[PDB]
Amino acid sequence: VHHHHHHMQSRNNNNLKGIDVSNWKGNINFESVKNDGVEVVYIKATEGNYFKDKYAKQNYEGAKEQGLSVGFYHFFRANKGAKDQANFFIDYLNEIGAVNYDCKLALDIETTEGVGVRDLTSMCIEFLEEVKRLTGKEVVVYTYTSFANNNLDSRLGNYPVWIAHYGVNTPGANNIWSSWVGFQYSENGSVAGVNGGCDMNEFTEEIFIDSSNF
């Protein structure tokens, strides 16, 4: 409970250096990524209830063999069942044998698919809770400032956020969150081992999984 106005933290060199990738990046040299000082790598696993990212397994194994902390994210499509997507997401992680990820499972919500604020937010909650039920692990929500302020409601504030807001040292005013565990500050980074623009992030220690229901 707030007793005064809270605000998003600014970047800090002591936070975890991270990146996030998907099939869009193709083959990645994680030894190079590691040598660049990167500490965390989020990997796209699934999208909707039908798409599997072909590079999820090689990215997971490639990053882990270099000692990088890893997490997975799911690109949400609100026109598909929430629990259905949660199961599709986790089923794929098990299919590729990714059973030692270090970071919270991420819900990438950035499109409405025509769904209203209350309903879209409820779908997100159902997804998050189903993922928690299935894995016994914790979750995090990825979205961008304007989306949080106009397309979702405060109930999602009960979950930590990995917020996207490029070109700034501090994420903008947010009606749902006043603190972040993740901050995607650039989509054009030059990272060794990664071809083309790379998503750049800062993560706090709270991005790590540190509990289980089992």
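The first residue of the sequence shown is number 1, and the count goes up from there.
Q: Determine, for stretches 61 to 69 and 167 to 175, which one has the higher mean CA B-factor as deposited.
A: Between 61 to 69 and 167 to 175, it is 167 to 175.
Q: For the C-alpha atoms alone, is the average B factor greater in 112 to 120 or in 99 to 107, going by the entry?
A: Per the PDB record, 112 to 120.
Q: For the CA B factor values reported in this entry, which option in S22, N201, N13, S190 has the top one?
A: Max CA B-factor in the entry, restricted to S22, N201, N13, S190: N13.
Q: What third of its chain's C-alpha B-factors does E39 belong to: lowest, middle or highest?
A: According to the entry, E39 has a C-alpha B-factor in the chain's lowest third.
Q: Which third of the chain does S154 land in by C-alpha B-factor: lowest, middle or highest?
A: Highest third.
Q: Ranked by Cα temperature factor within the chain, is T135 in the lowest third, the middle third or the highest third?
A: Answer is middle: the recorded C-alpha B-factor places it there.
Q: Could you tell me which third, lowest, middle or highest, the C-alpha B-factor of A78 occupies within its chain?
A: Its C-alpha B-factor, which the entry lists for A78, ranks in the highest third among residues of this chain.
Q: What third of its chain's C-alpha B-factors does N29 belong to: lowest, middle or highest?
A: Within its chain, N29 is a middle-third residue by C-alpha B-factor, going by the deposited values.
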